[PDB]
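We begin with a single chain expressed as structure tokens, specifically the form deposited in one PDB entry.
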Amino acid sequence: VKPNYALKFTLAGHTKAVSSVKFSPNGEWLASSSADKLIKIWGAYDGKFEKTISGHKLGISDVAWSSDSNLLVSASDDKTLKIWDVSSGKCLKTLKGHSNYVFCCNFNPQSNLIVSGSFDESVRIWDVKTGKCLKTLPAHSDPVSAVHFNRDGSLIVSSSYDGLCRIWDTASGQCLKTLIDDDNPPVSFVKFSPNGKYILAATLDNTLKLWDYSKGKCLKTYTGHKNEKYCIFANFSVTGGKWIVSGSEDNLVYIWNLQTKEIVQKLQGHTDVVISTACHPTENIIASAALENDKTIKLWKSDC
């Protein structure tokens, strides 16, 4: 069983590089963010452009959805995050306190909290309702590349150019684990596995790693793609076969068998670095997005 992703749609609209693409939890919407300071909403199934969300003064590097699919959060170079109501497009809150670009962001399953990672080397935790910063965590000693809450939002994982992945107790802000090899290339991305037992870490040594954080053991590695320059999103695809999906610096989307580490498909079509990929919650659908020479989002679909 290898997947057979075939190109359904090419989604044109962003005037600069696309930075991040995410599927709404209900699976009906695709949100995109871009260097053009814009968020755009697209139909997940027909690729129909829905709306443009604007307000940020500078480019956006990440966008995330609330559990109920009603809210988005964005992380911009203008040093802020904005909470948007998706149906009105209106900015509900502006989240002030980072002293440099906000790079990454995420809601917890509860969706009462936002986690943010910045070039100022901190991870912040914010209240959704009031927009106020609950905690500032001296998380790292270099730009924070990724922040992600576990299955129930009791933990946060952060990655950084400093070469570390760190696990944080959300409620208390206290660091529980630092993961470090005997060699520290920048960690360009991290997220929890759907079940919270593992973390998937990308490093700028063209390498993805599945870690048992609690024991500090690397269980799988995923290689063959190109990742030396950019903070590229990776995913666990769990709808059909059990895959790892990542963008790549060779204009390709890579798909690996989670257990064998075998490349099972490469998707061709983009004409620049695939910076971002997202896996549909229920359907075997992938969204991918590329950089400045491309600026498009592609939607793909497999049988498995």
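Numbering starts at 1 and runs along the sequence shown. Note that the rigid core is defined as the largest set of C-alphas that superpose within 1.5 Å between two forms.
Using the rigid core as the fitting frame, the root mean square C-alpha deviation in 9 other deposited structures of this protein is greater for 182-190 than for the other of 154-162 and 182-190.
Stretch comparison (55-63 versus 257-265) by mean CA B-factor in the PDB entry places 257-265 on top. Stretch comparison (234-242 versus 31-39) by mean CA B-factor in the PDB entry places 234-242 on top. Per the PDB record, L219 has a higher Cα B-factor than any other of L72, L81, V147, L219. Reading the B-factor column for the CA atoms of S172, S188, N108, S158 in the entry, the top value corresponds to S172. Sorting the modelled residues of the chain by their CA temperature factor places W168 in the highest third. Per the PDB record, residue ranking by Cα B-factor puts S118 in the lowest third of the chain. In this PDB entry, the Cα temperature factor of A202 sits in the middle third of its chain's modelled residues. Placement of the Cα temperature factor of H140 within the chain: lowest third of the modelled residues, per the deposited record. Looking at the C-alpha B-factors along this chain, the one for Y101 belongs to the middle third.
This next part talks about the form solved in complex with a small molecule, which is not shown.
Taken together, the three residues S193, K242 and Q259 all lie with some non-hydrogen atom within 4.5 angstroms of the small molecule in the deposited complex.
Of the candidate stretches 130-138, 169-177, 89-97, 212-220, only 212-220 has residues whose heavy atoms lie within 4.5 Å of the small molecule in the deposited complex. Proximity to the small molecule in the deposited complex, defined as a heavy atom within 4.5 Å, holds among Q265, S66, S237, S248 only for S237. Taking non-hydrogen atoms only, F107 never approaches the small molecule to within 4.5 angstroms in the deposited complex.
In the deposited complex, the small molecule stays beyond 4.5 Å of every heavy atom belonging to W84.
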